[PDB]
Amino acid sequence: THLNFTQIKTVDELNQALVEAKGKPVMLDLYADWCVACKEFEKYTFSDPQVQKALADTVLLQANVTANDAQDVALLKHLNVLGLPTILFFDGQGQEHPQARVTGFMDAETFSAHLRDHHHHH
């Protein structure tokens, strides 16, 4: 099984997705078909009900940079991404918190702990 991502391609598209998500946290997954740890996230981590349920109230975005085309490269540069896998997290105000970035494989337990570490105005 698999998470329900919304694809974005460009910097502009990311920004409008963040505008529409405003009020809910966001996770942006940076993916490529050739990225082994990205496939491992799908196999071991995003497939785990604990992770799925933990992410149920998060807007999930994905950028597929497989081609490394001009738009992909501009997005990666804009986000100061150094390589894959990278997962970024934005709060409900749209602010990215760099300490939350995930830049290597994490199993379900580790990823869930990362996610843990604003609900109904609390």
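Note that residue numbering begins at 1 and tracks the sequence as displayed.
Where coordinates are absent for parts of the deposited sequence, a chain break appears; between neighbours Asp117 and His118 it spans 1 to 3 residues. Relative to one another, 18 to 26 and 103 to 111 have unequal mean CA B-factors, and 18 to 26 is the one with the higher figure.
Averaged over their C-alpha atoms, the temperature factors of 92 to 100 and 67 to 75 are higher for 92 to 100. Among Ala37, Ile87, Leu60, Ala56, the highest C-alpha B-factor in the deposited entry belongs to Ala56.
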